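Asker: Pasting a structure here, questions to come.
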Amino acid sequence: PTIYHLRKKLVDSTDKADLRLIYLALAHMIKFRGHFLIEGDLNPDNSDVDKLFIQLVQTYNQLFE
DNA sequence: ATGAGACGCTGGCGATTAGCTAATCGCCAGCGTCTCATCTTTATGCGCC
């Protein structure tokens with residue numbers, strides 16, 4: 001129904017899909033790339049505020065007694 | 001040694017037939033961001049030919 005279904009499908013599955021669909025996904029990504037405001041790369045960690053915030057509190061507690 | 005010259009309802013209707021700018025007012029107008037640097041310039045504050 002959307003392009004993101006094909007996106008998620010091609011991202012997860014490692015099966016040989018049609019070349020036109022692969023082209024559509026890649027060209028759609030290029031046509032709407034995103035901002036370059038954040039330097040480096042954000043590898044998908046916990047992806048939740050809770051876990052990383054707990055880690056933050058852990059670092060703050062071990063840093064300052 | 002005879003046989004030409006002298007020429008109409010229109011105007012006033014209807015009724016087709018055909019064709020055209022203009023005056024009044026309302027609507028409604030591509031726009032969204034960020035980064036980066038870059039220079040200026042201003043308010044105040046300090047010096048005598």
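Going by the structure tokens order, chains are called A, B, ..., each with residues numbered from 1, while ligands are numbered from 1 in the order shown.
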Could you work out which residues of chain A fall inside 10 Å of chain B? Count only C-alpha atoms (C1' of nucleotides), and format the result as a CSV table (one decimal) with C-alpha atoms, in the first residue's frame.
Answerer:
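As written to disk, part10.csv reads:
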chain,number,residue,atom,x,y,z
A,35,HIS,CA,19.1,16.3,6.7
A,36,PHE,CA,22.8,16.2,7.2
A,37,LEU,CA,22.6,18.1,10.4
A,38,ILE,CA,24.0,15.2,12.6
Asker: So that I can check the secondary structure, give me every residue of chain A assigned alpha helix (DSSP H) by backbone DSSP, as a PyMOL selection string.
Answerer: chain A and resi 3-12+19-31+49-63
Asker: Do you have the atom CA of residue A:26-atom CA of residue A:1 distance handy?
Answerer: 17.6 Å
